[PDB]
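This report refers to the structure that appears directly beneath it.
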Amino acid sequence: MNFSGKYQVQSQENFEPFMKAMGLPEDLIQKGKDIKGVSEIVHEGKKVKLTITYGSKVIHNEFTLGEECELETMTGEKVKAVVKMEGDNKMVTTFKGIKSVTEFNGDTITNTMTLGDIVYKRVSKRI
Ligand SMILES: CCCCCCCC/C=C\CCCCCCCC(=O)O
Ligand SMILES: CCCCCCCC/C=C\CCCCCCCC(=O)O
C-alpha cells in the first residue's frame, strides 16, 4: 500500500493517563499534551523509516516488517519487538504490555494503543 508521507496529529484521547502509566515524566506530559506532533514515514518494502517530531524533541526509528528490532520509546528506553503487517493497511506490534494498532486509510492514520483499561487514541492526516 506504501505508507510514505508526512502527517500531523489532529486529535487524541487518553494521552495523559496512558503517558502517566508509561512513566513519561510529568513536565513532558504537560508539554506534549498540547503539541500537535508531526510524523514522517518512509516506506520501502519491509523497511519502515519512522520520524516523530514534537516541537524540539525528535525520535528516529527504523525497522523491518516481521523482524525483531529495537524500538526507541518516548522515554528513551529501548525495547525489542516485531512489527507485523496485519491485513493490507494495519501495522501491529506489542511491547511492555501495550498493544499497538496503526490503521491507514488514504490521508487518514488512526493509531490505537491499549494498556490495561486505557486506550490512547490518535487521529492524524497527511499534510
Ligand atoms: C505513533 C505511535 C505513537 C507515538 C506517540 C508519541 C508521543 C510523544 C510523547 C510526548 C513527548 C513529549 C515532549 C514534550 C516536548 C519536548 C520538547 C518541546 O517542548 O518542544
Ligand atoms: C509509547 C510510545 C512509544 C512510541 C515508539 C514508536 C512505536 C511505533 C510502533 C509502531 C509502528 C507503526 C507506525 C505508525 C506511525 C503513525 C504515526 C502517528 O500516528 O503519528
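In what follows, every heavy atom counts, from backbone to side chain, and hydrogens, waters and symmetry copies are set aside. Numbering starts at 1 and runs along the sequence shown.
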Counting only heavy atoms not in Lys125 (residues, nucleotides, ligands), do more than 12 fall under 6.0 Å from its NZ?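 Not buried by this count: 12 neighbours or fewer within 6.0 Å.
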
Please report the shortest heavy-atom distance between [X] and [Y], naming the atom on each side.
X	Y	value
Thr73	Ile59	O-CD1, 4.2 Å
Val9	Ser124	CA-OG, 3.5 Å
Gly66	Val82	O-CG1, 3.2 Å
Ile35	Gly55	CG2-N, 4.0 Å

For residues 98-106, tabulate all N or O donor-acceptor pairs below 3.5 Å that involve a side-chain atom, not counting sequence neighbours.
residue: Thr102; atom: OG1; partner: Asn111; partner atom: ND2; Å: 2.6
residue: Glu103; atom: OE2; partner: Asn105; partner atom: ND2; Å: 3.4

Is it possible for you to say whether [X] and [Y] belong to one hydrophobic cluster, with membership spreading through side-chain heavy-atom contacts below 4.5 Å?
X	Y	result
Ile109	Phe15	yes
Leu24	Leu71	yes
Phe95	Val119	no

Could you give the distance from [atom1] ([X]) to [atom2] ([Y]), rounded to the nearest 0.5 Å?
X	Y	atom1	atom2	value
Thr94	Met113	OG1	CE	10.0 Å
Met19	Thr75	CE	OG1	8.0 Å
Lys33	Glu26	NZ	CD	13.5 Å
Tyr7	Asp107	OH	CG	8.5 Å
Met91	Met1	CE	CE	9.5 Å
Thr112	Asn14	OG1	CG	10.5 Å

Donor-acceptor contacts, no H, no angles, side chain residues 36-54, under 3.5 Å, sequence neighbours left out:
residue: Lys36; atom: NZ; partner: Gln10; partner atom: O; Å: 3.1
residue: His43; atom: ND1; partner: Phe3; partner atom: N; Å: 3.2
residue: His43; atom: NE2; partner: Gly45; partner atom: O; Å: 2.8
residue: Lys47; atom: NZ; partner: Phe63; partner atom: O; Å: 2.9
residue: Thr51; atom: OG1; partner: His60; partner atom: ND1; Å: 3.4
residue: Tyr54; atom: OH; partner: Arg122; partner atom: NH1; Å: 2.8

Derivation of the side chain to side chain contact (heavy atoms under 4.5 Å, CB included) call for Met22 and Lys96: CA-CA 9 Å; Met22 278 320 283; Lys96 298 195 62 179; 4.1 Å; yes

Consider side chain to side chain donor-acceptor pair (under 3.5 Å). Of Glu13, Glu16, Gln12, which one does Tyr120 pass it with?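 Only one of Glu13, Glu16, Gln12 forms a side chain to side chain donor-acceptor pair (under 3.5 Å) with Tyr120, namely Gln12.
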
Could you walk me through whether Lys57 and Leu28 pass side chain to side chain contact (heavy atoms under 4.5 Å, CB included), step by step? CA-CA 10 Å; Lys57 183 163 184 174; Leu28 289 192; 3.7 Å; yes

